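**Student:** Attaching a single structure in structure tokens format; questions to follow.
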Amino acid sequence: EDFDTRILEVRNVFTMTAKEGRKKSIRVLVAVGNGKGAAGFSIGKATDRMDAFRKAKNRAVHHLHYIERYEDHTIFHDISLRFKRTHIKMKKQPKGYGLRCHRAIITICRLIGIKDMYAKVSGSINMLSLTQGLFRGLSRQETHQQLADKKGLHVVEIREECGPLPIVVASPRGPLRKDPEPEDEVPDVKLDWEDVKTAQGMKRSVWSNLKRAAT
Amino acid sequence: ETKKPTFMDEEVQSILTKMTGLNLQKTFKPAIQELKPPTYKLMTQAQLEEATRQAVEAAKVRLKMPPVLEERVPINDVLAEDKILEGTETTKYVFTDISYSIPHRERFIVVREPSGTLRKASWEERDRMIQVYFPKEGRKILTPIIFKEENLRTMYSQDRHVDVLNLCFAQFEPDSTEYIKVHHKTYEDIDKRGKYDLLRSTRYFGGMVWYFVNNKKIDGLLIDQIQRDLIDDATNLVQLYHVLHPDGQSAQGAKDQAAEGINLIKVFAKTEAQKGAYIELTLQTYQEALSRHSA
């Protein structure tokens, strides 16, 4: 009773049979989630649409991921991934930002319990790949605690709204290293041109930052 | 001969600075403003202590006490009286010198009245014109209605004293009548309802203490400090009172009895303090509790 189901896609797939010719089947993608991190998805197939809905709904609950939510409202860090030909680039956002993402990601996020996030889907906009990719990235996100333990260092959060106050969000449960992490003068990191282009005010889009209903 | 300390004396500043206190969580409380994704740094304990130290340094700048100034004297100086121009114009002309690199208090703002008198602008007109031409963030040309008695009492009912004080600092100049009035009426409400903790770890505590000491009503603040186990601050408050009222019964009492530490509170409680009985009871309770923890 805690879990809620929401349809993502309904497709009329067809095969050819010797006796009848075109045989119509229903392929249904559904996502189930209780809103507290536990969410899954499944594909249900049946000649009747009701049977397809049921099969997908009941099978999705046996394939539940657990999503680590930072402060139970957003992701811990920005996740960029490619699943097959679909690119999903998700950004961590502050409280009150909303779900500025593809309608399907909005639906899945509400089931997971993420309230604030931005995501841009590029490449193929296949619904199967998007869902499978979204759950792949969110499942693999590293929490602040896991980072502190791996690095043996404090994770200190700097917030602009709190000035210079150092907020320690995670500390290493084991021994704390005494050597500071080597500060590379120039980071050899791969930058997304779309990010850099926006930061330099070089991106004019009439469709970006349009006023939309509360999500 | 013997000059009584001013508010900006290093001694007074040290006393009032310590009395204020420094709660890093209150000074850097999260502001309800447009937000951005926070940043993260992997820091050692040594590095964490250095950042906290830098926050203490920044917080001490944010808490720098505004200087307490005496009410400015009205400007009433006539530069000229050209009686020939009487009756020619129906409205007065306000001429503001907008030369950029001039201190605002050194600018010439004059008014040609319909009678023909060229007079220097009043303090109020001067402040209005500087806002018209050199607009300051948070200042309005027309006095906001928040500063009316009825609107200021709602703010007090909600324990928004610091907000009233920040609004006043933005709107009015430190030596203006409106500025001094509002701070004096805020300080009074804090005293009546015992809300001294509202202004602690803020840049407005020193001014509140200065008002209380120079008006001889440090009783309520002393009680609160003792009830909160802040004897060091309470003793310093009594000491400061003596320095600003040296020819006083309590000052002579401490001199006669060479009182120090808690004794200063007792001497002041009986001689000058209006609520001598209540102070003794409050101080009594504390001293008893302290004796237990020592065991």
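FYI, nothing fancy with the structure tokens labels: chains A, B, ... in order, residues from 1 per chain, ligands from 1 as they appear.
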Residue 222 in chain B: which residues within 12 Å, counting only C-alpha atoms, same-chain residues fewer than 5 positions away excluded, as a PyMOL selection string?

**Tutor:** chain B and resi 19+191+194+196+209+212-213+216-217+227-239+241+262+264-266+268-269+273-276+278-280+282-283

**Student:** For the residues in the current selection, export N, CA, C and O atoms as a compact mmCIF listing (two decimals), in the first residue's frame.

**Tutor:**
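The result, stored in result-v5.txt:
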# COMPACT_ATOMS: atom_id res chain seq x y z
N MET B 19 31.22 40.85 25.89
CA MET B 19 29.85 40.72 26.38
C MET B 19 28.92 40.24 25.27
O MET B 19 27.97 39.49 25.53
N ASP B 191 14.36 45.48 27.12
CA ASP B 191 14.49 45.54 28.57
C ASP B 191 13.19 45.14 29.25
O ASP B 191 13.19 44.33 30.19
N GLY B 194 12.61 41.42 28.66
CA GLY B 194 13.75 40.55 28.89
C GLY B 194 14.13 39.72 27.68
O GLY B 194 14.18 38.49 27.75
N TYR B 196 17.16 39.97 25.91
CA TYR B 196 18.53 40.38 25.66
C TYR B 196 19.29 39.39 24.79
O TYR B 196 20.25 39.78 24.12
N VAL B 209 23.87 47.82 25.33
CA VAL B 209 24.52 47.93 26.63
C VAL B 209 24.85 49.39 26.93
O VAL B 209 24.60 49.89 28.03
N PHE B 212 21.87 51.23 28.13
CA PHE B 212 21.45 50.86 29.48
C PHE B 212 22.37 51.45 30.53
O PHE B 212 21.91 51.94 31.57
N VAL B 213 23.68 51.41 30.30
CA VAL B 213 24.63 51.86 31.31
C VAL B 213 24.52 53.37 31.50
O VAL B 213 24.57 53.87 32.63
N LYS B 216 21.34 54.20 33.45
CA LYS B 216 21.23 53.58 34.77
C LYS B 216 20.02 52.65 34.83
O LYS B 216 19.09 52.84 35.61
N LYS B 217 20.07 51.61 34.00
CA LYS B 217 19.06 50.56 34.03
C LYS B 217 19.69 49.23 33.60
O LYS B 217 19.18 48.52 32.74
N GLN B 227 21.46 34.49 35.34
CA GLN B 227 20.60 33.34 35.10
C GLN B 227 21.17 32.43 34.02
O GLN B 227 20.89 31.23 34.01
N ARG B 228 21.97 32.99 33.11
CA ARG B 228 22.55 32.23 32.01
C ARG B 228 23.99 31.80 32.30
O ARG B 228 24.67 31.33 31.39
N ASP B 229 24.45 31.96 33.53
CA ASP B 229 25.80 31.57 33.92
C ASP B 229 26.85 32.33 33.11
O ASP B 229 27.79 31.75 32.55
N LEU B 230 26.68 33.65 33.04
CA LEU B 230 27.64 34.52 32.36
C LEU B 230 28.20 35.54 33.34
O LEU B 230 28.11 36.75 33.11
N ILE B 231 28.79 35.06 34.44
CA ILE B 231 29.26 35.96 35.49
C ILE B 231 30.34 36.89 34.94
O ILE B 231 30.33 38.09 35.20
N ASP B 232 31.29 36.33 34.19
CA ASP B 232 32.35 37.15 33.61
C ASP B 232 31.78 38.37 32.90
O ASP B 232 32.29 39.49 33.04
N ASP B 233 30.70 38.17 32.13
CA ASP B 233 30.06 39.29 31.45
C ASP B 233 29.34 40.19 32.45
O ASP B 233 29.35 41.41 32.32
N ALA B 234 28.69 39.59 33.46
CA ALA B 234 27.98 40.39 34.45
C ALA B 234 28.94 41.23 35.27
O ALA B 234 28.67 42.41 35.53
N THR B 235 30.06 40.65 35.70
CA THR B 235 31.06 41.43 36.42
C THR B 235 31.60 42.56 35.56
O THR B 235 31.79 43.69 36.04
N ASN B 236 31.87 42.28 34.29
CA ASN B 236 32.38 43.32 33.39
C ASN B 236 31.34 44.42 33.20
O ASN B 236 31.70 45.60 33.06
N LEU B 237 30.06 44.06 33.18
CA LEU B 237 29.01 45.07 33.07
C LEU B 237 29.01 45.99 34.28
O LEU B 237 28.93 47.21 34.14
N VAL B 238 29.11 45.41 35.48
CA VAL B 238 29.16 46.24 36.68
C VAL B 238 30.42 47.09 36.69
O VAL B 238 30.38 48.28 37.03
N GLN B 239 31.56 46.50 36.33
CA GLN B 239 32.79 47.28 36.24
C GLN B 239 32.62 48.47 35.31
O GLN B 239 32.95 49.61 35.66
N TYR B 241 29.92 49.99 34.38
CA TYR B 241 29.04 50.97 35.01
C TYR B 241 29.82 51.90 35.92
O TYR B 241 29.61 53.11 35.93
N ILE B 262 32.65 38.45 42.04
CA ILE B 262 31.24 38.43 42.40
C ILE B 262 30.92 39.55 43.38
O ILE B 262 29.79 40.05 43.40
N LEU B 264 31.62 42.62 43.34
CA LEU B 264 31.17 43.83 42.66
C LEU B 264 29.67 43.81 42.44
O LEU B 264 29.00 44.85 42.56
N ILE B 265 29.11 42.64 42.11
CA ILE B 265 27.67 42.55 41.89
C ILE B 265 26.91 42.81 43.19
O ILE B 265 25.90 43.51 43.20
N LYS B 266 27.40 42.25 44.30
CA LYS B 266 26.73 42.46 45.58
C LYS B 266 26.77 43.93 45.98
O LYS B 266 25.75 44.49 46.39
N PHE B 268 27.10 46.58 44.08
CA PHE B 268 26.21 47.33 43.20
C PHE B 268 24.75 46.99 43.46
O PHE B 268 23.88 47.86 43.37
N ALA B 269 24.47 45.73 43.78
CA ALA B 269 23.08 45.31 43.97
C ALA B 269 22.41 46.10 45.09
O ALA B 269 21.25 46.51 44.96
N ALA B 273 21.65 49.55 42.36
CA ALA B 273 20.70 48.74 41.60
C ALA B 273 19.29 48.91 42.14
O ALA B 273 19.05 48.78 43.35
N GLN B 274 18.35 49.20 41.24
CA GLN B 274 16.96 49.37 41.65
C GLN B 274 16.39 48.07 42.19
O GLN B 274 15.73 48.06 43.24
N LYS B 275 16.62 46.96 41.49
CA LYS B 275 16.12 45.66 41.91
C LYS B 275 17.18 44.93 42.74
O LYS B 275 17.65 43.84 42.40
N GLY B 276 17.56 45.56 43.85
CA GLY B 276 18.58 44.98 44.71
C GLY B 276 18.16 43.63 45.27
O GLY B 276 18.97 42.70 45.34
N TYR B 278 15.91 41.38 44.04
CA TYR B 278 15.84 40.33 43.02
C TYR B 278 17.23 39.89 42.59
O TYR B 278 17.47 38.70 42.37
N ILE B 279 18.16 40.84 42.45
CA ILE B 279 19.52 40.50 42.04
C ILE B 279 20.15 39.56 43.06
O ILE B 279 20.75 38.54 42.70
N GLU B 280 20.03 39.90 44.35
CA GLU B 280 20.63 39.06 45.39
C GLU B 280 20.08 37.64 45.34
O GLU B 280 20.83 36.67 45.46
N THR B 282 18.74 36.08 42.70
CA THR B 282 19.25 35.43 41.50
C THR B 282 20.72 35.06 41.67
O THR B 282 21.12 33.93 41.38
N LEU B 283 21.53 36.01 42.13
CA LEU B 283 22.94 35.71 42.37
C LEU B 283 23.10 34.61 43.40
O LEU B 283 24.00 33.76 43.29

**Student:** Would you kindly report the residues of chain B within 6 Å of chain A, using only C-alpha atoms, as an NGL selection string?

**Tutor:** :B and (28 or 30-31 or 37-44 or 55)

**Student:** How would you write, as an MDAnalysis selection string, the set of residues in range 10-212 of chain A that DSSP gives as helix (DSSP H, G or I)?

**Tutor:** chainID A and resid 49:60 103:112 127:140 144:151 160:162 193:199

**Student:** Determine the nearest neighbour of residue 34 in chain A from the options A:209, A:5, A:86, A:12, counting only C-alpha atoms.

**Tutor:**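 Using only C-alpha atoms, the shortest distance to residue 34 in chain A belongs to A:5.
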
**Student:** Skipping near chain neighbours, those fewer than 3 positions away, what residues fall within 9 Å of range 45-53 of chain A using only C-alpha atoms, listed as a list in words?

**Tutor:** residues 7, 10, 23, 24, 25, 26, 27, 28, 29, 30, 56, 57 and 58 of chain A

**Student:** Store the residues of this selection in a file with N, CA and C atoms, as a short mmCIF file (atom, residue, chain, number, x, y, z; two decimals), in the first residue's frame.

**Tutor:**
data_model
loop_
_atom_site.label_atom_id
_atom_site.label_comp_id
_atom_site.auth_asym_id
_atom_site.auth_seq_id
_atom_site.Cartn_x
_atom_site.Cartn_y
_atom_site.Cartn_z
N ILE A 7 2.41 4.63 -15.08
CA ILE A 7 2.77 4.16 -16.41
C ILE A 7 3.77 5.12 -17.05
N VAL A 10 3.15 2.91 -23.26
CA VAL A 10 2.28 1.84 -23.75
C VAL A 10 2.44 1.78 -25.26
N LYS A 23 -0.23 -10.21 -35.31
CA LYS A 23 -0.66 -10.51 -33.95
C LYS A 23 -0.28 -9.34 -33.06
N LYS A 24 -1.29 -8.63 -32.55
CA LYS A 24 -1.06 -7.43 -31.76
C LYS A 24 -0.78 -7.78 -30.31
N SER A 25 0.30 -7.24 -29.76
CA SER A 25 0.62 -7.35 -28.35
C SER A 25 0.84 -5.96 -27.77
N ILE A 26 0.72 -5.86 -26.44
CA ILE A 26 0.89 -4.61 -25.71
C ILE A 26 2.17 -4.70 -24.89
N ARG A 27 3.07 -3.74 -25.09
CA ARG A 27 4.25 -3.60 -24.25
C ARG A 27 4.07 -2.39 -23.35
N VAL A 28 4.19 -2.59 -22.04
CA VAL A 28 3.92 -1.55 -21.05
C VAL A 28 5.14 -1.41 -20.14
N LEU A 29 5.64 -0.18 -20.02
CA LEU A 29 6.66 0.16 -19.03
C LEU A 29 6.00 0.89 -17.86
N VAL A 30 6.20 0.39 -16.64
CA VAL A 30 5.68 1.02 -15.44
C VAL A 30 6.81 1.19 -14.44
N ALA A 56 3.25 -5.96 -15.38
CA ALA A 56 4.34 -5.01 -15.17
C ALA A 56 4.33 -4.49 -13.74
N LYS A 57 3.15 -4.12 -13.24
CA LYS A 57 3.05 -3.57 -11.89
C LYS A 57 3.54 -4.56 -10.84
N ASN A 58 3.12 -5.82 -10.95
CA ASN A 58 3.47 -6.80 -9.93
C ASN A 58 4.94 -7.21 -10.03
#

**Student:** Determine, counting only C-alpha atoms, which protein, DNA and RNA residues have an atom within 10 Å of an atom of residue 130 in chain B; residues of the same chain fewer than 4 positions away are not included. Present the result as a PyMOL selection string.

**Tutor:** chain B and resi 96-98+104-105+107+109+125-126+134-136+141

**Student:** Those selected residues, please, written with N, CA and C atoms and delivered as a PDB file, in the first residue's frame.

**Tutor:**
ATOM      1  N   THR B  96      21.437  70.306  -5.820  1.00  0.00           N
ATOM      2  CA  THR B  96      22.336  69.319  -5.240  1.00  0.00           C
ATOM      3  C   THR B  96      23.618  69.254  -6.057  1.00  0.00           C
ATOM      4  N   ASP B  97      24.758  69.362  -5.379  1.00  0.00           N
ATOM      5  CA  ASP B  97      26.058  69.204  -6.020  1.00  0.00           C
ATOM      6  C   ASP B  97      26.359  67.717  -6.155  1.00  0.00           C
ATOM      7  N   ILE B  98      26.394  67.224  -7.389  1.00  0.00           N
ATOM      8  CA  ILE B  98      26.541  65.800  -7.657  1.00  0.00           C
ATOM      9  C   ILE B  98      27.964  65.459  -8.095  1.00  0.00           C
ATOM     10  N   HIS B 104      29.725  62.631   1.280  1.00  0.00           N
ATOM     11  CA  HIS B 104      28.331  63.059   1.240  1.00  0.00           C
ATOM     12  C   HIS B 104      28.036  64.133   2.277  1.00  0.00           C
ATOM     13  N   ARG B 105      28.753  64.132   3.397  1.00  0.00           N
ATOM     14  CA  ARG B 105      28.572  65.149   4.423  1.00  0.00           C
ATOM     15  C   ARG B 105      29.335  66.431   4.119  1.00  0.00           C
ATOM     16  N   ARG B 107      29.027  67.793   0.894  1.00  0.00           N
ATOM     17  CA  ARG B 107      28.379  68.274  -0.317  1.00  0.00           C
ATOM     18  C   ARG B 107      27.519  69.490  -0.007  1.00  0.00           C
ATOM     19  N   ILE B 109      24.269  71.334  -0.613  1.00  0.00           N
ATOM     20  CA  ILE B 109      22.886  71.233  -1.061  1.00  0.00           C
ATOM     21  C   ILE B 109      22.140  72.439  -0.511  1.00  0.00           C
ATOM     22  N   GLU B 125      16.276  67.054   4.161  1.00  0.00           N
ATOM     23  CA  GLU B 125      16.386  67.267   2.723  1.00  0.00           C
ATOM     24  C   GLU B 125      17.716  66.750   2.195  1.00  0.00           C
ATOM     25  N   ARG B 126      18.804  67.000   2.927  1.00  0.00           N
ATOM     26  CA  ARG B 126      20.113  66.517   2.500  1.00  0.00           C
ATOM     27  C   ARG B 126      20.100  65.008   2.300  1.00  0.00           C
ATOM     28  N   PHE B 134      22.416  59.501  -5.405  1.00  0.00           N
ATOM     29  CA  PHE B 134      23.356  58.436  -5.066  1.00  0.00           C
ATOM     30  C   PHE B 134      22.588  57.339  -4.338  1.00  0.00           C
ATOM     31  N   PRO B 135      21.687  56.649  -5.035  1.00  0.00           N
ATOM     32  CA  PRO B 135      20.796  55.699  -4.356  1.00  0.00           C
ATOM     33  C   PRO B 135      21.569  54.569  -3.692  1.00  0.00           C
ATOM     34  N   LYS B 136      21.289  54.360  -2.410  1.00  0.00           N
ATOM     35  CA  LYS B 136      21.916  53.312  -1.619  1.00  0.00           C
ATOM     36  C   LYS B 136      20.974  52.120  -1.508  1.00  0.00           C
ATOM     37  N   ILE B 141      13.535  56.734  -0.482  1.00  0.00           N
ATOM     38  CA  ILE B 141      13.397  58.186  -0.439  1.00  0.00           C
ATOM     39  C   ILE B 141      12.292  58.583   0.532  1.00  0.00           C
TER      40      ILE B 141
END

**Student:** Which residues, written as an mmCIF file with N, CA, C and O atoms, in the first residue's frame, have at least one atom at most 12 Å from residue 153 in chain B, with only C-alpha atoms counted and residues fewer than 3 positions away on the same chain left out?

**Tutor:**
data_model
loop_
_atom_site.group_PDB
_atom_site.id
_atom_site.type_symbol
_atom_site.label_atom_id
_atom_site.label_comp_id
_atom_site.auth_asym_id
_atom_site.auth_seq_id
_atom_site.Cartn_x
_atom_site.Cartn_y
_atom_site.Cartn_z
ATOM 1 N N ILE B 146 6.965 50.999 8.011
ATOM 2 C CA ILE B 146 7.306 50.048 9.064
ATOM 3 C C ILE B 146 7.679 50.769 10.352
ATOM 4 O O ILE B 146 7.476 50.239 11.450
ATOM 5 N N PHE B 147 8.229 51.975 10.245
ATOM 6 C CA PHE B 147 8.750 52.695 11.399
ATOM 7 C C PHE B 147 7.673 53.413 12.203
ATOM 8 O O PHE B 147 8.009 54.110 13.166
ATOM 9 N N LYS B 148 6.401 53.270 11.843
ATOM 10 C CA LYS B 148 5.334 53.801 12.679
ATOM 11 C C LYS B 148 5.187 52.965 13.945
ATOM 12 O O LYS B 148 5.528 51.780 13.980
ATOM 13 N N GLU B 149 4.670 53.602 14.999
ATOM 14 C CA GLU B 149 4.582 52.937 16.296
ATOM 15 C C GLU B 149 3.792 51.638 16.200
ATOM 16 O O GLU B 149 4.191 50.617 16.772
ATOM 17 N N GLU B 150 2.668 51.655 15.480
ATOM 18 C CA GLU B 150 1.850 50.452 15.375
ATOM 19 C C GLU B 150 2.582 49.357 14.610
ATOM 20 O O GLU B 150 2.524 48.183 14.989
ATOM 21 N N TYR B 156 7.912 43.749 17.159
ATOM 22 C CA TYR B 156 8.363 43.349 18.488
ATOM 23 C C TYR B 156 7.594 42.131 18.984
ATOM 24 O O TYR B 156 8.168 41.253 19.638
ATOM 25 N N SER B 157 6.296 42.059 18.682
ATOM 26 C CA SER B 157 5.503 40.908 19.103
ATOM 27 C C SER B 157 6.037 39.615 18.507
ATOM 28 O O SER B 157 5.910 38.549 19.120
ATOM 29 N N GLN B 158 6.629 39.684 17.319
ATOM 30 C CA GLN B 158 7.182 38.518 16.646
ATOM 31 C C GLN B 158 8.646 38.277 16.987
ATOM 32 O O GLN B 158 9.268 37.395 16.389
ATOM 33 N N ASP B 159 9.209 39.039 17.926
ATOM 34 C CA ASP B 159 10.615 38.911 18.306
ATOM 35 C C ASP B 159 11.523 39.163 17.104
ATOM 36 O O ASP B 159 12.512 38.461 16.880
ATOM 37 N N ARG B 160 11.178 40.188 16.326
ATOM 38 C CA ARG B 160 11.968 40.573 15.165
ATOM 39 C C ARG B 160 12.701 41.876 15.449
ATOM 40 O O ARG B 160 12.700 42.794 14.623
ATOM 41 N N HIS B 161 13.331 41.962 16.622
ATOM 42 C CA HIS B 161 14.029 43.185 17.006
ATOM 43 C C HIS B 161 15.238 43.431 16.113
ATOM 44 O O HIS B 161 15.462 44.554 15.650
ATOM 45 N N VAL B 164 14.166 44.921 12.929
ATOM 46 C CA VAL B 164 13.864 46.343 13.056
ATOM 47 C C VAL B 164 15.153 47.152 13.076
ATOM 48 O O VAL B 164 15.217 48.260 12.532
ATOM 49 N N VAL B 182 14.363 55.102 17.093
ATOM 50 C CA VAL B 182 13.985 53.708 16.875
ATOM 51 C C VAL B 182 14.844 52.781 17.727
ATOM 52 O O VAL B 182 14.326 51.909 18.436
ATOM 53 N N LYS B 185 13.766 52.952 21.258
ATOM 54 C CA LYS B 185 12.499 52.283 21.529
ATOM 55 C C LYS B 185 12.622 50.771 21.407
ATOM 56 O O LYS B 185 11.899 50.038 22.089
ATOM 57 N N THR B 186 13.520 50.287 20.547
ATOM 58 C CA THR B 186 13.796 48.855 20.494
ATOM 59 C C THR B 186 14.502 48.396 21.763
ATOM 60 O O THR B 186 14.135 47.376 22.358
ATOM 61 N N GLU B 188 14.327 49.657 24.657
ATOM 62 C CA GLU B 188 13.382 49.671 25.768
ATOM 63 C C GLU B 188 12.515 48.419 25.774
ATOM 64 O O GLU B 188 12.267 47.833 26.833
ATOM 65 N N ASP B 189 12.044 47.992 24.601
ATOM 66 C CA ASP B 189 11.194 46.808 24.544
ATOM 67 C C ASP B 189 11.961 45.560 24.954
ATOM 68 O O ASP B 189 11.413 44.682 25.632
ATOM 69 N N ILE B 190 13.229 45.457 24.552
ATOM 70 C CA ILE B 190 14.052 44.333 24.983
ATOM 71 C C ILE B 190 14.157 44.308 26.502
ATOM 72 O O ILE B 190 14.062 43.247 27.130
#
